[PDB]
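Throughout, residue positions are numbered sequentially from 1 according to the sequence presented. Heavy-atom basis, side chains included; hydrogens, waters and symmetry copies ignored.
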Amino acid sequence: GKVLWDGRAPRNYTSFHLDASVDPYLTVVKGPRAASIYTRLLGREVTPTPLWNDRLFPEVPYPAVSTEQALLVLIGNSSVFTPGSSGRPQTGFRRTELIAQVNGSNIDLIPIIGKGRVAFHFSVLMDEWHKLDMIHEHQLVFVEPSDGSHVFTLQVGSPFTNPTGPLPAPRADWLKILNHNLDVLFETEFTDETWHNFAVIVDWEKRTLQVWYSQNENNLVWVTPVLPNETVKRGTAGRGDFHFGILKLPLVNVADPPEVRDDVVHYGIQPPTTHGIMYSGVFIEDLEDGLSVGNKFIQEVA
């Protein structure tokens, strides 16, 4: 497909780009500290997903060159988002997200990534240095319309419930792709030291989702059929911004009055700990000629 937006960090990207909030990422969804304190560019420390490598000839000595650097996205105790200059701090959440933009604007991108059939690509790698706590729910990747809903979500960790139930939940450490109604479409163990490659095809006319998945250098394969996603709102209210990072939900604090425990934006137990996840291969393409499945192959889809 043609690339509509490329969030694969160039090898020459820097903290300074991040602290200017320039293309390709809007960095506003974070705590008060600079964007670069929460999101680190990993240079040569971490090899990104091999799917988008370039290959060398001859194939000895080095087979390939990385075309991107991985990103490490961190949350910590300062990761409280204040919406605007005047919003109530989101004290229930710990969040750091990057949002796709083009020419300085997320708004202008909405029509481009919101029409026809669009493939949202992203690959995750477990951070062994600041482990995610799977007792809590983490919303990692999603497209968020105006109303705060998610057309689809990549989630990991035990889903938030009020009241609190057995924790960890079964398969808490499985990466999960959810539809807009929070139905589990596909789930797979978040194995360590492994690039978990995803593509979610959104057909904006028919309101469908299809999940594609692989590990490491393996080409993406389809792991769901084309599935109805019919709770998405009609028209422009169904479209929204592409986020990736970590949105960590709290647990219920029974000390809180029953009338506020459901309000996860402002209430709940959040320990003051640091947690990370690494991203690579994050980009958006249409389905011209087909889906990019990795390793310089395209696959026809319909």
Side-chain angles (χ1 to χ4, degrees), residues 1-5 7 26 28-29 81 83 90 93 95 97-102 105-124 137-157 159-161 174-188 197-213 220 222-247 249 262-265 282-288 290-292 301-302:
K2 176 157 49 52
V3 182
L4 305 179
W5 167 86
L26 164 64
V28 67
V29 179
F81 177 57
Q90 295 193 336
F93 288 156
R95 72 198 294 198
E97 290 137 57
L98 298 171
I99 293 181
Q101 66 176 192
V102 74
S105 188
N106 65 103
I107 306 301
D108 295 344
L109 184 63
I110 297 172
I112 300 168
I113 68 169
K115 283 169 190 160
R117 288 162 76 226
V118 177
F120 298 82
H121 291 262
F122 47 91
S123 300
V124 296
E137 170 180 348
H138 304 73
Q139 293 162 23
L140 293 183
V141 177
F142 46 85
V143 164
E144 191 180 310
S146 286
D147 63 4
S149 68
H150 297 165
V151 179
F152 69 81
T153 311
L154 176 73
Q155 182 194 70
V156 74
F160 170 84
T161 73
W174 288 38
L175 298 163
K176 307 192 187 55
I177 296 286
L178 312 182
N179 74 13
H180 175 281
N181 193 58
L182 302 187
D183 304 308
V184 179
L185 308 189
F186 173 67
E187 59 182 0
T188 192
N197 310 128
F198 292 81
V200 177
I201 297 176
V202 180
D203 179 341
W204 292 110
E205 292 182 301
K206 279 141 270 156
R207 305 204 305 291
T208 70
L209 294 174
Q210 195 182 20
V211 181
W212 298 65
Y213 172 71
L220 294 174
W222 59 280
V223 295
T224 68
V226 172
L227 291 169
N229 194 204
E230 289 275 35
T231 63
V232 169
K233 279 171 171 153
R234 305 299 215 65
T236 59
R239 282 72 167 183
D241 300 315
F242 178 69
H243 299 222
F244 68 107
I246 308 167
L247 165 54
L249 265 63
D262 293 310
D263 178 23
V264 288
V265 183
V282 181
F283 70 104
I284 296 157
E285 61 173 349
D286 67 21
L287 286 177
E288 182 179 21
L291 174 72
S292 305
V301 287

Chemist: Please tabulate, for the side chains in residues 108-122, all donor-acceptor contacts under 3.5 angstrom to protein atoms that are two or more places apart in sequence or on a different chain.
Modeler:
from, atom 1, to, atom 2, distance (Å)
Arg117, NH2, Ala302, O, 3.4
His121, NE2, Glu285, OE2, 2.7

Chemist: Quick one: list whatever passes side-chain hydrogen bond (donor to acceptor under 3.5 Å, both in side chains) with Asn179, sequence neighbours left out.
Modeler: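 If we apply the side-chain hydrogen bond (donor to acceptor under 3.5 Å, both in side chains) test to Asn179, skipping adjacent residues, the hits are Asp183.
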Chemist: Can you sort out the partners of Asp262 under salt bridge (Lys or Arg N to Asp or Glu O under 4.0 Å), two or more places apart, ordered by chain and number?
Modeler: none
Chemist: Should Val282 and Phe242 count as side-chain neighbours, where that means a heavy-atom distance under 4.5 Å?
Modeler: yes
Chemist: Rounded to the nearest 0.5 Å, how far apart are CG of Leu154 and NE2 of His243?
Modeler: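 It comes to 14.5 Å.
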Chemist: Looking at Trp5 and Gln101, would you say the former's side chain and the latter's main chain have a donor-acceptor pair under 3.5 Å?
Modeler: yes
Chemist: Side chain to side chain contact (heavy atoms under 4.5 Å, CB included) with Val28: which residues, sequence neighbours excluded?
Modeler: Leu26
Chemist: By side-chain hydrogen bond (donor to acceptor under 3.5 Å, both in side chains), which residues pair with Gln139, not counting sequence neighbours?
Modeler: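 side-chain hydrogen bond (donor to acceptor under 3.5 Å, both in side chains) list for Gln139, sorted by chain: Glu137.
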Chemist: With sequence neighbours excluded, what pairs up with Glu288 under the side chain to side chain contact (heavy atoms under 4.5 Å, CB included) test?
Modeler: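 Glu288 satisfies side chain to side chain contact (heavy atoms under 4.5 Å, CB included) with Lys2, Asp286 only.
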Chemist: Excluding sequence neighbours, so at least two apart, what forms ring-ring contact (aromatic ring centres under 6.0 Å, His included) with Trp174?
Modeler: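 With sequence neighbours excluded, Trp174 shows a ring-ring contact (aromatic ring centres under 6.0 Å, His included) to no residue whatsoever.
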Chemist: Would you call the rings of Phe142 and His150 parallel, tilted or perpendicular, where under 30° means parallel and over 60° means perpendicular?
Modeler: parallel
Chemist: Run the side-chain donor-acceptor check on residues 227-234: report pairs under 3.5 Å with partners two or more places apart or on a different chain.
Modeler:
from, atom 1, to, atom 2, distance (Å)
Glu230, OE1, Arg207, NE, 3.3
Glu230, OE1, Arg207, NH2, 2.4
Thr231, OG1, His180, ND1, 2.9
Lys233, NZ, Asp147, OD2, 2.8

Chemist: What residues, two or more places apart in sequence or in another chain, satisfy salt bridge (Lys or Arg N to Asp or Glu O under 4.0 Å) together with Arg95?
Modeler: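 Expected list: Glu97.
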Chemist: So how far is it from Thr153 OG1 to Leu182 CG, rounded to the nearest 0.5 Å?
Modeler: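 Result: 6.5 Å between the selected atoms.
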